[PDB]
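Worksheet for the structure shown next.
All chains are named by letter (A, B, ...) in the order of the sequence lines, taking the proteins before the strands, and each is independently numbered beginning at 1. All values below were derived from every heavy atom in this structure, side-chain atoms included, with hydrogens, water molecules and symmetry-related copies excluded.
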Amino acid sequence: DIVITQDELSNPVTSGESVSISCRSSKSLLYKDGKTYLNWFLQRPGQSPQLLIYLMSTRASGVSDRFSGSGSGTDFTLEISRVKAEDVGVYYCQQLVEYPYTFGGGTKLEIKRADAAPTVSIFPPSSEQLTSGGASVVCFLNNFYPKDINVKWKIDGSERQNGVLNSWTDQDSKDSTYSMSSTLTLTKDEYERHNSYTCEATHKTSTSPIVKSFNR
Amino acid sequence: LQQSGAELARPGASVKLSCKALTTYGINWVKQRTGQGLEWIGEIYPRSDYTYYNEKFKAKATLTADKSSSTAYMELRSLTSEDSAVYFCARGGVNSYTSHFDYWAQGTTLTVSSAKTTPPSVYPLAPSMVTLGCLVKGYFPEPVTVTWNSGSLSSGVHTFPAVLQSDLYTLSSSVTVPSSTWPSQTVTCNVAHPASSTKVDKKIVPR
């Protein structure tokens, strides 16, 4: 099987600069018809891959003329002119010269933008959830940049790590920000034994942690 | 290309996925595990009844096509936890004469598990801009689809990847609207869970 190897980018990349994504093969992708059987795709979160380039250098219908393919034999580049916020996602190369067809491992692209403080919102357990013996305290940390962020929970002033689950988005293709959910899940029994619930975000945009709280 | 809906299957069972579009072009099937890359399963060119398999999938996958309904099928047999993935179909080209892998369907989420289907519990998250949300807890399997006001509220939405805790998934979705517009202009989350044939709408009202 032909092995395909991609290199990572020096992330984050700078808007308006050219970006080169590297793809290398363990065997020549040149076929006897004089064409080189290499494709390039972009995959966005929750979506299928989109074809950018086929046969090493042909741009697909509907793709920005900022995207071009180059290379020869075992060494290939996807060239992005004037990189834009909408170019964030994961770029794949693929060989089709020999069975089985094989893909590279993907190259994620992230873009630098202006620093942006998170919008922090805390929500106590709903009346509805408390009836089933569960108590989830939800905190959103939305539209921040850079992605570096630390979230802490406090119950009556003491830090709580057990029962915390975090989830976050990839960089937004429109505003170039990140967002995160932090959920502290307690039993109703433990929730009703404490009063103060705090979610605290440490981000470079504020000297002090950004804190939202409520009292049961 | 359009694919069939999400599937739950037992270990050892078979499933048959569909891909609706085949006179000139072929159909490729591709596997992707959550947070991992792409693996080619096989191709069929229904015009010439030609199929070719990745040797890795030879004993796992059978590709067929109904030319009349321009539908391609992939049957996966002897299912295991390692077959849990998103499966895509994409168009297959002809040498230098066409594009290749140029139209991909949305994918089908296949989960292989002994665990029972469980619909989501949807809980409202209420307090110049206001943030609301919905907590989607205790469902199995993936996926869920979350919209706000049946898709008419799409700016200012964040829907987070699910996490798996004690064999059940949980995710949350937030929406941010101008403060003067809530509760005067209603905000409702809609949570569709294909595997349980269930959709739940929760209107967000002040606590």
Side-chain angles (χ1 to χ4, degrees), chain A residues 1 6 31 33-35 37-39 41 43 45-51 54-55 58 60-61 90 92 94 96 99-106 119-129 132 134 136 138-140 142-143 163 165-170 172 174 179-183 185 214, chain B residues 1 3 28 30 32 36-43 52-54 56-57 86 88-93 95-96 98-107 121-127 129-133 135 137-138 143 156 158-163 165 170-174 176 202 207:
Chain A
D1 296 9
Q6 300 181 227
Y31 195 63
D33 66 354
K35 302 301 293 183
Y37 285 79
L38 187 90
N39 299 334
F41 307 92
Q43 186 173 34
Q47 303 186 3
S48 68
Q50 176 201 355
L51 180 70
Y54 63 97
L55 294 168
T58 311
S61 289
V90 178
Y92 289 96
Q94 176 206 29
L96 305 77
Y99 298 119
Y101 306 150
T102 43
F103 294 87
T119 301
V120 181
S121 307
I122 195 168
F123 299 91
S126 64
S127 314
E128 302 91 326
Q129 188 184 17
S132 68
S136 301
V138 175
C139 185
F140 300 111
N142 284 168
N143 296 274
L165 288 174
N166 298 319
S167 183
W168 54 87
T169 58
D170 274 298
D172 188 72
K174 296 188 287 252
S179 297
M180 172 180 189
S181 190
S182 191
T183 308
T185 303
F214 64 90
Chain B
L1 296 174
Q3 275 179 272
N28 290 277
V30 173
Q32 187 167 50
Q36 315 186 25
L38 296 162
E39 190 164 25
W40 176 77
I41 297 164
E43 71 192 9
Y52 209 99
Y53 295 81
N54 188 335
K56 176 160 158 181
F57 289 95
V86 173
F88 296 106
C89 58
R91 206 149 78 151
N95 303 301
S96 62
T98 73
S99 207
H100 296 265
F101 283 72
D102 56 340
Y103 285 94
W104 293 63
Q106 80 274 22
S121 289
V122 181
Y123 298 120
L125 307 176
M129 301 293 284
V130 62
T131 297
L132 303 187
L135 170 61
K137 186 164 189 59
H158 298 293
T159 301
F160 296 94
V163 305
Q165 56 179 291
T170 298
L171 69 74
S172 55
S173 181
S174 69
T176 306
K202 191 72 45 162
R207 283 180 58 90

**OP:** Taking only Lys NZ, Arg NE, NH1 and NH2, and the carboxylate oxygens of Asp or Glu, determine whether B:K56 and B:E39 approach each other closer than 4.0 Å.
**Re:** yes
With a 4.5 angstrom heavy-atom cut-off, could you sort out which part of [X] is near chain A: side chain, backbone, both or neither?
X	value
B:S99	both
B:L38	both
B:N95	both
B:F101	both

Subject >> B:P161 backbone acceptor or donor facing A:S167 side chain under 3.5 Å >> reply: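 Present.
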Subject >> Centroid-centroid distance, A:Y101 to A:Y37, less than 6.0 Å >> reply: no
Original post:
Is the distance between the ring centroids of A:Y99 and B:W40 less than 6.0 Å?
Top reply: yes
**OP:** Pick one of side chain, backbone, both or neither for A:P125, based on which atoms fall under 4.5 Å of a heavy atom in chain B.
**Re:** backbone
Subject >> Segment of A:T58 engaging chain B (4.5 angstrom heavy-atom cut-off) >> reply: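 Neither part, no heavy atoms under 4.5 Å.
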Under a 4.5 Å heavy-atom cutoff, which of [options] has the most pairs with chain B?
options	result
A:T185, A:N142, A:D33, A:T183	A:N142
A:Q50, A:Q47, A:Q43, A:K174	A:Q43
A:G46, A:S132, A:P124, A:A60	A:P124

Original post:
If you measure from CD on B:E43 to OH on B:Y53, what distance do you get to the nearest 0.5 Å?
Top reply: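 Reported to 0.5 Å precision, the distance equals 10.5 Å.
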